[PDB]
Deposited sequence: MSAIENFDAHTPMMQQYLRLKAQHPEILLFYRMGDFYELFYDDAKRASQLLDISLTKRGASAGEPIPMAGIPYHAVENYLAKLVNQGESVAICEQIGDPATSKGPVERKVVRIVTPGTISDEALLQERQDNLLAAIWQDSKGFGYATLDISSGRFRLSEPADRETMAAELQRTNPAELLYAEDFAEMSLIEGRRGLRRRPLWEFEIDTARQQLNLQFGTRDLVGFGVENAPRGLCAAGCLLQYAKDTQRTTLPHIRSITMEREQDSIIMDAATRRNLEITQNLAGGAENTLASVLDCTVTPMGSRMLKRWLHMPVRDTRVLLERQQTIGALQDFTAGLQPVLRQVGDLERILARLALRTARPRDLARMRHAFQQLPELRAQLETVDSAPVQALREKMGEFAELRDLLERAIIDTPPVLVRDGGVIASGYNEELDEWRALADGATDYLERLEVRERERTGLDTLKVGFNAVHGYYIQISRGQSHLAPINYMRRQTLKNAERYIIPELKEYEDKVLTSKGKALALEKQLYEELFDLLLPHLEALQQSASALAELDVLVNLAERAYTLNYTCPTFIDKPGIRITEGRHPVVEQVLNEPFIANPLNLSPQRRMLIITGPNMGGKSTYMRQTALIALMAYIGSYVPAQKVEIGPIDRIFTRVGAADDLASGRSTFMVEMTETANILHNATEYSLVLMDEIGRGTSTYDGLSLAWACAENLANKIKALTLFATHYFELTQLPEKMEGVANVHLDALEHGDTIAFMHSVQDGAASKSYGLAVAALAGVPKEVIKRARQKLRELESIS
């Protein structure tokens, strides 16, 4: 046990699994942390069983831990961002490697999805935009230059990896990026004039390659994510809208929960991506809109077939890495068989892009016929033990099998020859690695074992023998079965050689199939959930009719209530007064969301939506300090094409400081920024604003008082709120009648003064 320490040197910053029998023990500083992650005991030992390493691996890997197995030297290493095995990955969630680094000018960024090969790079200018990306992409592993200054950005992130500065040298990166894609220059990818980003990308690429020690011919390109291309959404806005992850960490009662009725895992992952990346370019959208409406009818017929395609993206990765297993080629073939049925259905769909996805989807006939002949219906998990290549694929194999089988058949009749020529009904042939083939007599019966029988193993209640004949046909079995196992593997490896030259076209199929899933889904959702198609206008504005919060309406078993909205440049800002109770917050969020969805190509929960160009979405809807910091970022960055949602700011400090801060903020967003604003507030004094400045208007929520409770409504109406309900609720909440009456007195006296 002294050979562990000297070989920990090899990899210091990584957990070292070490083999001791049927477990993988861990020592020293590494056991404390490994028991503190996986729920096991520390003795400084700690270890796991062999037929479950791949869970106590997938689970350290989930928490940003690279791992290193040790069998004698380090044989396997995994890292959070570089895995591609279906056991280690979560079915419907991206898993990225990222690299980040820092010039004096600003930041360079690069994400890799090792499975899809989806390789993106960006170049955030300021602090908070680098922060917004770290949020959105959620790298499972973060490479960062040692010299990286602003660590408060990535300080507590899981699976951080400090790397030398020289891995972010521009010309080493350029070469290696160009060698990877097979080009002279990266101009065809739109990135040659973007050196910061390319550094991030060169370092990342460098490292991926290392973790794999193979080519990665699925990584054939790179794209850059320009700022002006997307509607920008700060981390806080992403979180408040609950796009994929609800505020409480989970994933239900979220926008994706409602909108994500895709059937392939690769399509779930793509939908979620789109949802986090609304694009400002109406082109791509207007085209998405029209695709989505075309497949309205063809939904029922398409999805159940599309479901059979499966996760063809991730399978295509294990083909590239050459790790793909029997069941993976089997799932690849099953998908090819779907392609013709799908092609038949998209034939009629009159939409130039739907027809493009059918072209891009491919058919792949050779390959479908190839694996139809070369694999059985349902092979076993691994090639390891043969029985995967179908009978009739290759004369030679079949011959070697028929040989083995005729030795099995002999040995069965030998079981019946000896049973007859002994009169002993517990006789039987068996197989075992210890002894090879063997006859076996029960213990009570074993003394009548014929004199030619040679004994070999005394068991508790039986005895085992061998004879020249028996051993001679073992020879026959072992020979055949073994030669034919070696053939299956060679035959199976050749299936890789024939499949790989079409890797390019296949990636394109999975991707076309992936988009087809998403759009077919968005089409079904649009139809089922009574969404309408939003139209786009030139000036900034949001005109909604009977619109809704897409999640709240699916979740609550009370009726939703639909509200209008009418923001234009002549009506930029609504001062929303009245009680809150979620109602005001909902009216706002359904706005952010209806816009988000519009600007993703989806249909929207409303009788009608007109909408202008939006560049950022801000949603302070959630210390006083946080509130003000968030409010600061909004005032510093809103343009007049921003959508800005603000929730009773002022609460938390003094009547007058807050009244004043809120007044000063509304003035600023309405006269200076001129951004389209919903300004929830409680200050009644703010309702004078419409008189004191153009382009502000008053709207409100109200409540009905019946019986023994109070109906907090959901319905926005013109003008200011002429009532308050805090005392109303104090009453229903059990506060002594006399106290309430004293508060009511205090109320009429404080208000009267204003």
Quiz item: What ranges of the deposited sequence are left out of this structure?
Solution: 1-13, 57-66, 95-107, 659-668
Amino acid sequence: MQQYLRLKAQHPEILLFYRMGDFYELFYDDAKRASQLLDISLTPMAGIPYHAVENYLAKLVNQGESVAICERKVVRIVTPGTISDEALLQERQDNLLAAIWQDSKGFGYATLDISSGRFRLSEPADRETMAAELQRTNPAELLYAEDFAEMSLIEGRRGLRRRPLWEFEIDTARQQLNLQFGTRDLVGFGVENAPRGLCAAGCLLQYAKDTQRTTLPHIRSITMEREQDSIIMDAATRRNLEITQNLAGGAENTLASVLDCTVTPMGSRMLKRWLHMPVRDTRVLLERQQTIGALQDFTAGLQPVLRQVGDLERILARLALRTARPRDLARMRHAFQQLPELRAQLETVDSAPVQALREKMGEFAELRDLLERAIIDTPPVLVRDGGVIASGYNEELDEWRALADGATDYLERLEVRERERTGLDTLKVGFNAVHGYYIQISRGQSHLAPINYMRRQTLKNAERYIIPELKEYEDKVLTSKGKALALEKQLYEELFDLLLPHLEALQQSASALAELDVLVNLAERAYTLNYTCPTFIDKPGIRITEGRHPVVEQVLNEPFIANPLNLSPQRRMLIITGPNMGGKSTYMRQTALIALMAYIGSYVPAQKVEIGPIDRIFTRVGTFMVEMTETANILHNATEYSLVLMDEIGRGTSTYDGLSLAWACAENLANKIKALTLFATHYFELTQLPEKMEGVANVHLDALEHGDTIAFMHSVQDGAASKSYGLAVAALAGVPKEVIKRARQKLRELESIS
From here on, numbers count along this sequence of modelled residues.
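Here the rigid core means the biggest group of C-alpha atoms that line up within 1.5 Å when the two forms are laid on top of each other.
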Quiz prompt | More variable segment, 484-492 or 258-266 [Cα RMS over structures in 5 other deposited structures of this protein, core-superposed] | solution = 484-492
Practice problem: After fitting on the rigid core, pick out whichever of 62-70 or 34-42 shows the bigger RMS C-alpha deviation in 5 other deposited structures of this protein. | Solution: 34-42
Quiz item: Among the other entries that model both neighbours of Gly622, does it go unmodelled in a third or more?
Solution: yes
Quiz item: Of the other entries that cover residues on both sides, do at least a third skip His706?
Solution: yes
Practice problem: Between 331-339 and 659-667, point out the one with the higher average CA B-factor as the PDB entry records it. | Solution: 331-339
Exercise. Report the stretch with the higher mean CA temperature factor, choosing between 476-484 and 95-103 on the basis of the entry.
Key: 476-484
Quiz item: Say you rank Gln445, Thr214, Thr577, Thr183 by Cα B-factor from the PDB entry; which sits at the top?
Solution: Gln445
Quiz item: When you compare the CA B-factors of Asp29, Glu65, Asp708, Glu685 as listed in the entry, which one comes out on top?
Solution: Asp29
Quiz item: What third of its chain, lowest, middle or highest, does the C-alpha temperature factor of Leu16 fall into?
Solution: middle
Quiz item: Sorting the chain's CA B-factors, does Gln345 end up in the lowest, middle or highest third?
Solution: middle
Exercise. Ordered by C-alpha B-factor within the chain, which third holds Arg322? Give me lowest, middle or highest, please.
Key: middle
Quiz item: Lowest, middle or highest third: where is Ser268 by C-alpha B factor in its chain?
Solution: middle
Quiz prompt | Chain-relative CA temperature factor third for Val187 | solution = lowest
